[PDB]
Every structure is written in C-alpha cells, then in structure tokens.
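Reviewing the structure listed below.
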Amino acid sequence: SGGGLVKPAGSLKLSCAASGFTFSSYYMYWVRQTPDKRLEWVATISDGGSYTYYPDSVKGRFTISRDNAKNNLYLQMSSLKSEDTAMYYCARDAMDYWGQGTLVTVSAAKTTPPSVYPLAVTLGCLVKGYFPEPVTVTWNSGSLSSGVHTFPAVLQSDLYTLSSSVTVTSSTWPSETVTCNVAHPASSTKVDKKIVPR
Amino acid sequence: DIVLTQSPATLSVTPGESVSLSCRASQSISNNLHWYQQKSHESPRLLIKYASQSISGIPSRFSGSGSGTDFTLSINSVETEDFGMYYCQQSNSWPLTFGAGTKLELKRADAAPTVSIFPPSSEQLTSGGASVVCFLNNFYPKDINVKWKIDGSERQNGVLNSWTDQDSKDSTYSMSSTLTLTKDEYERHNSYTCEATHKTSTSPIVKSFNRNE
C-alpha cells in the first residue's frame, strides 16, 4: 500500500506487510512492473538493514528501509519522475514474491470525469476524456455479462478513451432496456446511459 | 548492464505440445539466471532458481537448463494453466536485470471476425466531436488489418486502435478501431467504411454507412 496518483516531483512512501515467515532472516526487494509489462529492480535491503542497493535509475531518490519489529518494508520515493509510474512489488530473497502490487501513477494531469456516449446485435459504449484511468463498465448492473468486450483504454493526449461492446440477442434488444454502467471512482462519478434505437 | 534477450516474444502453442523458451545473456552470466511465471492479473511466481533448480512444488513438466549465455526453460507438454508470461532474470552483475518476456498463447482454430460500425451518437455531436467507432470481435489469428475509408479514399490519420488479451473462454481476440473527427469534419463527407482483412478470408470484410441514410 501507499500507492496512487502523484504529480511529478512528488514524494511517496510505500509499505509492505509481511506474515508467514521470519521477516528478519530474509533480504527484501522492491521490484516494479511498468505499464508496458517491463520488470525493473528498484532496491535491495539486507537482512538487518545495514546494506542498501539501488540502480542509478533511482539512486539518490528512493530509500529502502525496514522494521524487523513491526514486520514492515518501506520504499520512500522522492522527486518522482513520470518514468516511476508502475506497479510496485516486494519480495523476499532469486526473488520470491508475495506482494499483490500497488500502482503508483506519476502525472501532471488533473482528475477529470468521463463522458458516456451510447452506441446503437451489438451495442457499445464510449467513455471518453477521463483521466485517472480506473474505470468500470457493466451492462445492466452486471446482470448482462457475456458477449461483453471492454477494450483497454488508450491515452489520447492528456485523457483516456475506451470502448465496451455487448452482443445480445436481436429479439431481446429494443424490447428490453439495455444499459451501459460507467463508474469513475477517481471522482465519484457514476453514469447510466440507456442504449436507444434509431 | 547485462541485457537478456528472450525469444520469441510470443509463442502460439496447443495444449499438450512441448516448448522451449530461450533467454540469452549478453555476457557470461553463469548459473545465476532465474525464471518467473506471470498469469494475467497476478504477480510473478518464481519457477526456477539458478538455471536448473526448480522450486519445490512446481510441476515436473517445467525444467530449466543453461550456463554462460544460453538458458532454456522447457515445458514438456503444456497444460491450460501454463499460458502467461515467462521472464528470466540474472543475479551476478551490477543492475540486476530482467528479460522483456515471452507470452505463451493458446493456439485454436482460425476464427472469422464479426464486424460492426457505429456512427457518432447525437449527444457527442452536440459537443462538437464525431467519433466513428468500429468493433472487430472474436477472431483468432491475432493479426488483423483494419482500414478506414472516407468516401472511398483511405484515411490513416486520427485512427486509434485497441486490442484485448486472448479471451479466457474461446481464446479469441477482439479489437476496436476509432476514427475521430470534429462535427464539421464529419459532416463534410457521406459514407464511412471500416474494412478488415484477415486470414479467414481472401476478400476483406467491410461495413459502412452514409451520413444521410
């Protein structure tokens, strides 16, 4: 935990709660995975915390640390750059994970709600120009899952756009209310767009 | 820095076939190489430590071999629960490095694309934007070719595409193509075409509509 959206140059402290082994007998790691799925080594910490190791990449900006008492691993990022955007994991030492991630996102961009446009078989939805990428689309409050295809959002310029398509039966459509359910947690936005004929 | 070149980037394989994934280090790395597995929406799993030492519990079908520069991770007879990413990482040089990875994908019969063109919603127009959306859905040979035709002439600029991972139910692919023009721009032409070429056919699938019906 400790993730989230941060503006370039910001600072942030990630944590890592261990249980199920002896946190003090192991060397810890911080490893990240960038959106383009590339894996990078961020930092290493000795069993007792006397030795630290970092690539040049984050040298002098990131600071790995731990609490053998409270069983905590820390990553203190400073002077964040756009390139630090990624999922961050921790692992015990060949790194043996146990972290489920925690997404850090460095961007100068401002949170902004989407706009939902109906698309009228196959219907579809158009969520356009929203920023903090987390968005959820379900049809008829999820009761209509199957034949659905939400496409990975692609960043236009400063905002995200994305499409979802449901393929129902033709006997069912205009005679039954079909609905696109968009939810943008990042700005407490929830929109219901009714796909209508003609 | 030691760069690890994995190959190939992706590999289509049927359940039951056996595979060998390569990971070549740009320097005698020695036995210090390791393989990881990553399935969709899950963090990495260490499969093999130090080249041939597989971790307790990992199924027998996985086996790693190598020294110096070429390391291979074989899987004798792939199981459904094996499709995902495979990364190798070394541990004897300075910046601890990783490979870009190999995506193991599940081979299936060629599946024909189901195409749909959707003209801009009136709500969007009232905003002054006109997004023409086209969905190419549930095809298999991932390689598909989409073209846009505005009043018969090819249109490359302003096209945005997006693909999906292999569907965990029918192992097909899907993709959406979006052509974005302004309202003025959009209202200057009549017919809009989304044209798709694929392995499943010699002649392209084409779907179209005219602005004034």
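Here, A, B, ... name the chains of the structure tokens in the order displayed, residue numbers run from 1 inside each chain, and ligands are numbered from 1 in the same displayed order.
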Point to revise | DSSP helix (DSSP H, G or I) selection over region 6-164 of chain A, as a ChimeraX atom specification | key: /A:56-58,82-84
With C-alpha atoms retained, export the selected residues as a PDB file, in the first residue's frame.
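File written: out_25.pdb
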```pdb
ATOM      1  CA  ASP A  56      21.296   4.512 -10.982  1.00  0.00           C
ATOM      2  CA  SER A  57      17.678   4.817 -12.109  1.00  0.00           C
ATOM      3  CA  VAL A  58      16.539   5.698  -8.616  1.00  0.00           C
ATOM      4  CA  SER A  82       6.994  10.204 -14.975  1.00  0.00           C
ATOM      5  CA  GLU A  83       9.002   7.043 -15.552  1.00  0.00           C
ATOM      6  CA  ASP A  84       8.374   5.786 -11.993  1.00  0.00           C
TER       7      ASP A  84
END
```
Exercise for review: Specify as a ChimeraX atom specification all residues of chain B found within 10 Å of chain A, counting only C-alpha atoms.
Suggested key: /B:32-36,41-50,85,87,89-91,94-101,114-124,131-135,137-138,160-165,167,173-178
Exercise for review: Give me every strand (DSSP E or B) residue in region 11-41 of chain B, going by DSSP on the backbone, as an MDAnalysis selection string.
Suggested key: chainID B and resid 11:13 19:25 33:38
Review point. Which residues, written as an NGL selection string, have at least one atom at most 7 Å from residue 180 (chain A), with only C-alpha atoms counted and residues fewer than 3 positions away on the same chain left out?
Key: :A and (125 or 137-140 or 192-194)
Go ahead and save the residues from that selection, with N, CA and C atoms, as a PDB file, in the first residue's frame.
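Below is the file that was written, part27.pdb:
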```pdb
ATOM      1  N   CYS A 125     -20.382   1.128 -25.884  1.00  0.00           N
ATOM      2  CA  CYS A 125     -20.276   2.344 -25.083  1.00  0.00           C
ATOM      3  C   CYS A 125     -18.957   3.036 -25.327  1.00  0.00           C
ATOM      4  N   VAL A 137     -17.060  -0.631 -16.346  1.00  0.00           N
ATOM      5  CA  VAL A 137     -18.235  -0.693 -17.214  1.00  0.00           C
ATOM      6  C   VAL A 137     -18.914  -2.051 -17.084  1.00  0.00           C
ATOM      7  N   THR A 138     -20.195  -2.015 -16.789  1.00  0.00           N
ATOM      8  CA  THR A 138     -21.017  -3.236 -16.720  1.00  0.00           C
ATOM      9  C   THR A 138     -22.341  -2.940 -17.400  1.00  0.00           C
ATOM     10  N   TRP A 139     -22.943  -3.969 -17.946  1.00  0.00           N
ATOM     11  CA  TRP A 139     -24.226  -3.815 -18.645  1.00  0.00           C
ATOM     12  C   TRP A 139     -25.348  -4.362 -17.777  1.00  0.00           C
ATOM     13  N   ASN A 140     -26.317  -3.500 -17.557  1.00  0.00           N
ATOM     14  CA  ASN A 140     -27.474  -3.824 -16.728  1.00  0.00           C
ATOM     15  C   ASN A 140     -26.995  -4.303 -15.370  1.00  0.00           C
ATOM     16  N   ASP A 192     -25.333   6.215 -16.057  1.00  0.00           N
ATOM     17  CA  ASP A 192     -26.070   5.140 -16.692  1.00  0.00           C
ATOM     18  C   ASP A 192     -26.596   5.670 -18.019  1.00  0.00           C
ATOM     19  N   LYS A 193     -26.121   5.099 -19.123  1.00  0.00           N
ATOM     20  CA  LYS A 193     -26.557   5.528 -20.449  1.00  0.00           C
ATOM     21  C   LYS A 193     -27.380   4.414 -21.063  1.00  0.00           C
ATOM     22  N   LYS A 194     -28.612   4.746 -21.422  1.00  0.00           N
ATOM     23  CA  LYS A 194     -29.562   3.798 -21.995  1.00  0.00           C
ATOM     24  C   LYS A 194     -29.391   3.741 -23.506  1.00  0.00           C
TER      25      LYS A 194
END
```
